[PDB]
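Heads up, the thing below is written out as structure tokens.
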Amino acid sequence: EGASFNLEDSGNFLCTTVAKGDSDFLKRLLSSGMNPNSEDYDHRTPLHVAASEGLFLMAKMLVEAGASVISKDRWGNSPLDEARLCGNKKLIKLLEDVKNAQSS
Amino acid sequence: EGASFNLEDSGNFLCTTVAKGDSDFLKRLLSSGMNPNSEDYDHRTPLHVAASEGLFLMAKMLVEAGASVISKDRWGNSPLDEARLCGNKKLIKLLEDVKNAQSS
Amino acid sequence: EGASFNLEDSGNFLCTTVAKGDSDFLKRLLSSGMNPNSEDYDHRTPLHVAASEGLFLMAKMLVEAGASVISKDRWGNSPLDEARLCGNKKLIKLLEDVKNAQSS
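Chains as they are written, first to last, in the entry's author numbering: chain C, 619 to 722; chain D, 619 to 722; chain A, 619 to 722.
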């Protein structure tokens, strides 16, 4: 059909979906067609909150099919910087190489 | 009607599940009455393996199911010790507080 | 007819088979050709699991399957080192011989 989710505050819903850790629900949203680059009310991509309190592979999938690890936040904390704020050195290194790919 | 799981190497199933990162399937399992303290071949409960990966969200869901934090794995690492191993402050204080509450 | 499992969790399926300490199944599927070098969530080959189990017979069968005895794990323990920690001196020497050959 192609009719997208057509959701107001789509960034908010995706960000909360990460917040609820709905791994397969997130993958379902991306597979059905939904850009996880849309920033939330604090101008945070769902990738920002995946970097801060989201899963390794869930964050990596958010990168795929539309996302910006280089996207400065409302405070200038891009997803790599968001992972730094979390202190998630695992996600920090993953976002280092992911950001190296993504900045291009 | 009171159904049961009686599932072959249930601990292996849950350790595999958290390995795959399908948080939703693990949610169905635990909410349906899984065994959050089922040690695998390596004497690791689902909390052990989730903490070892560093998946604080999956480990939090397991804790919501009352996963053990006192029993140790095959390498002398209780889920608290594996939580400290992952180095994620969230899961660390979560499992420390779980230990303190489990004391009672 | 060129049968292949094409199953997920190949190494971890091997780990569950070792977990039940059951030899016939392991031998027949390793003959069928599932990779014994695959590592599970614990980043351990099935040979790692058998070595930590001190299962001399199961371990050597996994060696004939081609599982790496030099490969380390999440804790840095090779099957040789896992057997050393387990205390099966016979298995220690067996894995030492194979590991030295494979190291070469």
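Just so you know, even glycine gets a beta-carbon here, dropped at the ideal spot from N, CA and C.
Chain C contact residues for residue i, given Cβ-Cβ distances below 8 Å
i	result
D/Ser641	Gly639, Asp640, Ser641, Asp642, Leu673
Continuous alpha helix (DSSP H) stretch holding residue i: start and end
i	result
C/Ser628	628-637
A/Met679	674-682
D/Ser649	641-649
D/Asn718	707-720
A/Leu698	697-704
A/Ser622	Counting along the chain, A/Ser622 falls outside any alpha helix (DSSP H), and DSSP gives it neither H nor E.
A/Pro654	A/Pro654 -> no alpha helix (DSSP H), and no H or E assigned at all.
C/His666	664-671
Beta carbon of residue i nearer than 8 Å to that of residue j
i	j	result
A/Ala677	D/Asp627	no
A/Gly629	A/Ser650	no
A/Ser622	A/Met679	no
A/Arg646	A/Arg692	no
D/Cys633	D/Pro664	yes
A/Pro697	A/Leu673	no
A/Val687	A/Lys707	no
C/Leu675	D/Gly639	yes
D/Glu700	D/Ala669	yes
D/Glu682	A/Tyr659	no
A/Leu625	A/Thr635	no
Neighbour list for residue i in chain C, Cβ cutoff strictly below 7 Å
i	result
D/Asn706	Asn706
Within-8 Å CB hit, residue i to chain D
i	result
A/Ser670	yes
A/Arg702	no
Chain A residues whose Cβ lies nearer than 8 Å to that of residue i
i	result
D/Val667	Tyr659, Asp660
D/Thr634	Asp627, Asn630, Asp658, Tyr659
Contact with chain A by residue i, beta-carbon distance below 8 Å
i	result
D/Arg646	no
Below-8 Å beta-carbon distance, residue i vs any chain E residue
i	result
D/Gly672	This model lacks chain E altogether; the protein chains it does include are C, D and A.
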